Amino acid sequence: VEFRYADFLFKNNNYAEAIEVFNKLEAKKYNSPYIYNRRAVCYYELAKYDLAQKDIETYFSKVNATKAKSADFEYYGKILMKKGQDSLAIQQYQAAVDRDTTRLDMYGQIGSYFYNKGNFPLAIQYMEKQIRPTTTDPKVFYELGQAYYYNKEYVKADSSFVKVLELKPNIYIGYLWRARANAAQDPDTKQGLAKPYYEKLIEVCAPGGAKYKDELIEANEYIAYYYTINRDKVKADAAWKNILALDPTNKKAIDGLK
């Protein structure tokens, strides 16, 4: 029953508390491996990674191979990644999707890893392993688009961002990236490809004001330059103004006005 209590707290997130009971449970030799994979996660959420590594390993030296779950391998990898053992963590992420083939998000985990390390082709390859003609997780398309973008495949980053929008209409983050993806295709701003997206970004963002400070400033900056190029002092100054209204000390907008 006691173990069932700890699982109660844990299923409820009381890591430090669940930890207290698991610790006595072990001290009184409870013959069960399932206190270890749970304590491991508790420690992991409390960022005690050395403690969580020892626990997930004690777990695997005691659990019955046919009982182990996809989740256990997942946390083994999350714990290893935190301890700097990247190759081992990557294998554990792979193992987890091998155990539960619906955990396509593991490939997303492996891709993000290489994305943060600059191997966009590898990151993209694995991020695409999640794509099915059913896929609905926006993030999948958001992170994939970013991989494409930094891999300089702006056209594909755009389509992938169009997908984020399709799934979550008017989401600012989608307009921001469509904007960026299009600005990349129009380096010298000869066509204003990004213009409409940044305009929509301000559309859905102006309202939360300071909450979208960085996005609004970026959007207005593009516009202000677009209009300076097109010799429209009137509009360009207005954009330069929207920025100061958000940041009175902004040096770019100050100098663009004097």
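Residue indices: 1-based, along the sequence shown.
Open item on the list: When the Cα temperature factors in the entry are averaged, is it 197 to 205 or 57 to 65 that ends up higher?
Closed with: Per the PDB record, 197 to 205.
Open item on the list: If you average the CA temperature factors as listed in the entry, which stretch comes out higher, 118 to 126 or 153 to 161?
Closed with: Per the PDB record, 153 to 161.
- [ ] Sort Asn170, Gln85, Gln109, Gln94 by C-alpha B-factor from the entry and give me just the highest.
- [x] Checking the PDB record, the top C-alpha B-factor among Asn170, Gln85, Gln109, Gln94 is at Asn170.
TODO: Check the PDB entry and point out which of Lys233, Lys48, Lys213, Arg38 has the largest C-alpha temperature factor.
DONE: That would be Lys48, according to the entry.
TODO: State the tercile, meaning the lowest, middle or highest third, of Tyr30 with respect to the CA B-factors recorded for its chain.
DONE: Ranked within chain, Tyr30 CA B lands in the highest tercile.
- [ ] Sorting the chain's modelled residues by C-alpha B-factor, tell me whether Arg180 ends up in the lowest, middle or highest third.
- [x] Its C-alpha B-factor, which the entry lists for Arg180, ranks in the lowest third among residues of this chain.
Task: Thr102 - which third its CA temperature factor falls in, relative to the rest of the chain - done: Tercile = middle for this residue's CA B-factor.
- [ ] Could you look up the Cα B-factor of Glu74 in the entry and say which third of the chain it sits in: lowest, middle or highest?
- [x] It belongs to the middle third of the chain when residues are ordered by C-alpha B-factor.
Open item on the list: Split into thirds by Cα B-factor across the chain's modelled residues, where does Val21 land: lowest, middle or highest?
Closed with: For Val21, the deposited C-alpha B-factor lands in the highest third.
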